[PDB]
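Enquirer: please work out how this folds:
(5 chains, ligands or ions: 4)
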Amino acid sequence: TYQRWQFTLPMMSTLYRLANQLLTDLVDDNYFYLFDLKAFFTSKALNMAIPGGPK
Amino acid sequence: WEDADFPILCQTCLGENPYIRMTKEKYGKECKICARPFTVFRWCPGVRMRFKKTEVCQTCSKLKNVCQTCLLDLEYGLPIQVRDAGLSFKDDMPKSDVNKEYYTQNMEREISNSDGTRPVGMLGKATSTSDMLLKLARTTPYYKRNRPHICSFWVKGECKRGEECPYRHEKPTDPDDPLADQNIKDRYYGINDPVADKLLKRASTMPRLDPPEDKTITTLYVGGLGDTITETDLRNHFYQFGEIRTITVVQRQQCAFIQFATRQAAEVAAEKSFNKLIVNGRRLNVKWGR
Amino acid sequence: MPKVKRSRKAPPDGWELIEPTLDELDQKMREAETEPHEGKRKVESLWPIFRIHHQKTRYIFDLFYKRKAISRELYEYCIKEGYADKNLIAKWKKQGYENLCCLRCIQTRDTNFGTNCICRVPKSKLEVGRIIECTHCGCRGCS
Amino acid sequence: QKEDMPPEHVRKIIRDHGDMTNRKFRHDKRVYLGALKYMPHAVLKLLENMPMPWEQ
RNA sequence: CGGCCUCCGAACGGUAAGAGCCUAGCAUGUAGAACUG
Ligand SMILES: [Mg+2]
Ligand SMILES: [Zn+2]
Ligand SMILES: [Zn+2]
Ligand SMILES: [Zn+2]
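Expert: Numbers count the residues shown, from 1 in each chain, chains lettered A, B, ... in the order given. Ligands and ions are numbered 1, 2, ... in the order given. Below, you will see the structure:
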């Protein structure tokens, strides 16, 4: 019925390397500093826009 | 709509086996008369007999008390026209569409005030059972009610299905026999029923005691007594029926004469005894003396 | 051309001798499949398919169990490639069911009362022999 | 349990019915019509099982 | 060293309403079928 997979790390590392081009090359959260949810929630609640963010 | 327990129809229409196979389909069809949607039951009456189906509204069937699938009465099995006319019944069955819907509705409300034992309305208060209708009943089961149809294929020769044909591989009745045109409405209302009309010509061919001329001839001639008939026994036979004016049992004739003091007594007695008088198992014949 | 095969790997080495009968049966099933719906009937137009299906599967049941002339790996491969029928075989394993007409004729839900169809009843129980072609298969007394 | 049929059973059924104009079927007519109400479910089930370009 | 980029189309609302006749369609696949000394 195909739920619940279990892999080893050689598998997971090869999978990672193949998927390398569809993925994001950052390791932390400091990139999304003023671009995360709570930043966009606050921006929306105050009706002000972030340079690259939604209105 | 109706949602019920089981169908009421002639045991002939039920079939031969003591165990029945009946499948229930809720709101399966609309009455051929009432058009009220009612739960239909299907039964296999016998091996190689056509499967029977409940064929009329439960209310429409409780009204007129017939085989809710065979269309024949539940008591003797007589068609509506014949049974009613022999019971001396002139019923006002609805034929209008709007009055028919309203009538079947009100009759379902009346059957709702009824308790499931006696046929609702006037259909019961004529319960003087008529010997003409009794003798018109088929006393043995007519399981021909379930004989299959004709297969047009074998009727032209074409039924290559083998015995698996769902129709009887018999020469078709050339339609002209009026026994072929009994629409559900005709057979239900009992109007223009030519099978029952042939039954009526039969009932006109059925022998009763025709009355003689002389209004003083109250002499009823009894034939077929034997030597085991007693004078007092025949007196007890014709006793409550009125005044027996004289008894004359001719042993050398195996006959007798009952003279009556009431012309009504003599007539009604002879008519009640015609071909039905059974004393000591003897087939006694009533006649009017000369 | 063949039953174009999804497994992409080599069929095992006993496959080429079961080949010809299998194929001819397959082209046969295609012909019985194409036989078109004339005054034939509707309920009777699926009977040839259950014939040829029973036949395919009875063949591979022979060439495994009755003769012991096929490897079990080739066997499971011929299961997977649609030449065989898993559940037909799995019933045929049982006792009373040697000649099962098809898998449906024992499916009780397909009837009103939850019983097998008369196809299953032995001929001795009737003792009258009115010929019966089961609606589902068209079979005449499988068992 | 319920056991599965060979594909030619359905393939033949559908091929036979073709497009329901032949008079032979003519009761399917109304059941065929009644199955319309479930047609947006068949489409959803079809499209979410699409075959994924690395498969043939 | 800041950036700021809508809108996309369809139905009704106008060209009448009928009474009739004619003729394929369309529904059923029915029920039940004889009686004597
Ligand atoms: Mg207007
Ligand atoms: Zn069988
Ligand atoms: Zn069967
Ligand atoms: Zn079968």
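Enquirer: what's the local residue count around the closest residue to residue B:283 other than its chain neighbours?
Expert: Taking Cβ to Cβ, 6 or more residues apart in numbering or on different chains, and ignoring the residues beside it in sequence, residue B:283 has residue B:224 as its nearest neighbour in space, at 5.5 Å. C-beta coordinates here come from the backbone N, C-alpha and C atoms, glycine included. Residues near residue B:224, counting by other Cβ atoms under 10 Å in any protein chain shown, number 14.
Enquirer: and what of residue B:285?
Expert: 16.
Enquirer: give me the element residue B:256 is part of.
Expert: Taking DSSP states H and E as the definition, residue B:256 sits inside strand B:255-260.
Enquirer: list the buried ones in the helix or strand following that strand?
Expert: For strand B:255-260, the succeeding helix or strand toward the C-terminus, using DSSP H and E, is helix B:263-273. Counting neighbours by 16 or more other Cβ atoms under 10 Å in any protein chain shown, one finds that the buried residues in helix B:263-273 are B:265, B:266, B:267, B:269, B:270, B:273.
Enquirer: list the contacts of the residue nearest to residue B:283.
Expert: If you count contacts by Cβ atoms under 8 Å, 6 or more residues apart in numbering or on different chains, residue B:224 has them with B:254, B:282, B:283, B:284, B:285.
Enquirer: need the buried residues of helix B:263-273 in TSV with distance to RNA strand E, can you?
Expert: Listed next are the buried residues of helix B:263-273 as TSV, based on distance: Cβ to the nearest atom of the strand, whole Å:
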residue	distance to RNA strand E
B:265	26
B:266	23
B:267	22
B:269	20
B:270	17
B:273	15
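Enquirer: now the residues you listed as a markdown table including distance to residue D:52?
Expert: Below are the buried residues of helix B:263-273 laid out as a markdown table (distance: Cβ to Cβ, whole Å):
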| residue | distance to residue D:52 |
| --- | --- |
| B:265 | 104 |
| B:266 | 104 |
| B:267 | 100 |
| B:269 | 100 |
| B:270 | 100 |
| B:273 | 97 |
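Enquirer: ok, is stretch C:105-122 in contact with ligand 3 or not?
Expert: Yes - under the criterion of Cβ under 5 Å from the ion, ligand 3 is reached by stretch C:105-122 at C:105, C:117, C:119.
Enquirer: kindly tell me how buried the second one is, as a neighbour count.
Expert: Going back to what we said before, that points to residue C:117. 20.
Enquirer: near ligand 2, which residues of chain C?
Expert: Checking chain C against ligand 2 by Cβ under 5 Å from the ion, the hits are C:101, C:119, C:139, C:142.
Enquirer: go again using 6 Å as the cut-off
Expert: Within chain C, the residues that sit near ligand 2 (Cβ under 6 Å from the ion) are C:101, C:105, C:119, C:120, C:134, C:139, C:141, C:142.
Enquirer: about what we covered before: in strands, which of the contacts of residue B:224 fall?
Expert: If you go by DSSP state E, the contacts of residue B:224 have B:282, B:283, B:285 in strands.
Enquirer: could you pull up the residues touching the last one?
Expert: Applying Cβ under 8 Å, 6+ apart to residue B:285 gives the contacts B:222, B:223, B:224, B:275, B:277.
Enquirer: partners of it in the sheet?
Expert: residue B:223 (DSSP bridges).
Enquirer: who are the contact partners of residue B:225?
Expert: Counting by Cβ under 8 Å, 6+ apart, residue B:225 touches B:234, B:249, B:254, B:255, B:256, B:279, B:282, B:284.
Enquirer: swap in 7 Å and give it another go.
Expert: Going by Cβ atoms under 7 Å, 6 or more residues apart in numbering or on different chains, residue B:225 touches B:254, B:255, B:256, B:282, B:284.
Enquirer: now do residue B:74
Expert: B:8, B:10, B:65, B:66, B:67.
Enquirer: switch to 10 Å and redo it
Expert: Listed by Cβ atoms under 10 Å, 6 or more residues apart in numbering or on different chains, the contact partners of residue B:74 are B:8, B:9, B:10, B:11, B:13, B:61, B:64, B:65, B:66, B:67, B:68, B:119.
Enquirer: sorry, back to before: between the residues of stretch C:105-122 next to ligand 3, which sits nearest residue B:1?
Expert: When these are ranked by distance to residue B:1 (Cβ to Cβ), residue C:117 comes first, at 33.0 Å.
Enquirer: please enumerate the strands of chain B.
Expert: Under DSSP E, chain B gives strands at B:22-30, B:37-43, B:52-53, B:149-150, B:167-168, B:219-223, B:244-250, B:255-260, B:278-279, B:282-283, B:285-288.
Enquirer: so how far is the fourth one from its chain's centroid?
Expert: Same thing as strand B:149-150. 26 Å (Cα atoms, centre = their mean, to the nearest Å).
Enquirer: chain D: which of the contacts of residue B:225 is nearest?
Expert: Using Cβ to the nearest Cβ, residue B:284 comes nearest to chain D of these, at 62.2 Å.
Enquirer: distance of that closest one from ligand 2?
Expert: In this view, residue B:284 and ligand 2 are 63 Å apart by Cβ to the ion, to the nearest Å.
Enquirer: which residue does chain A have closest to chain D?
Expert: For chain A, Cβ to the nearest Cβ, closest residue to chain D: residue A:18, 12.1 Å.
Enquirer: then that residue would be within a strand, right?
Expert: No - read with DSSP: H, G, I helix; E, B strand; the rest coil, residue A:18 is helix and lies in no strand.
Enquirer: burial check on it, number of neighbours?
Expert: Residues lying near residue A:18 (other Cβ under 10 Å) number 9.
Enquirer: go on, the one 5 residues further on?
Expert: By other Cβ under 10 Å, 8 other residues sit near residue A:23.
Enquirer: now it. Nearest residue, chain neighbours left out?
Expert: Residue A:23's closest residue in space is residue A:16 (Cβ to Cβ, 6+ apart), at 8.0 Å.
Enquirer: and what of residue D:7?
Expert: residue C:82 (8.0 Å).
Enquirer: what does residue B:166 give?
Expert: Counting by Cβ to Cβ, 6+ apart, the residue nearest residue B:166 is residue B:148, at 6.2 Å.
Enquirer: so that neighbour touches residue B:167, yeah?
Expert: Yes - under the criterion of Cβ atoms under 10 Å, residue B:148 makes contact with residue B:167 at 4.9 Å.
Enquirer: joint contacts of those two?
Expert: In contact with both residue B:148 and residue B:167: residue B:50, using Cβ under 10 Å, 6+ apart.
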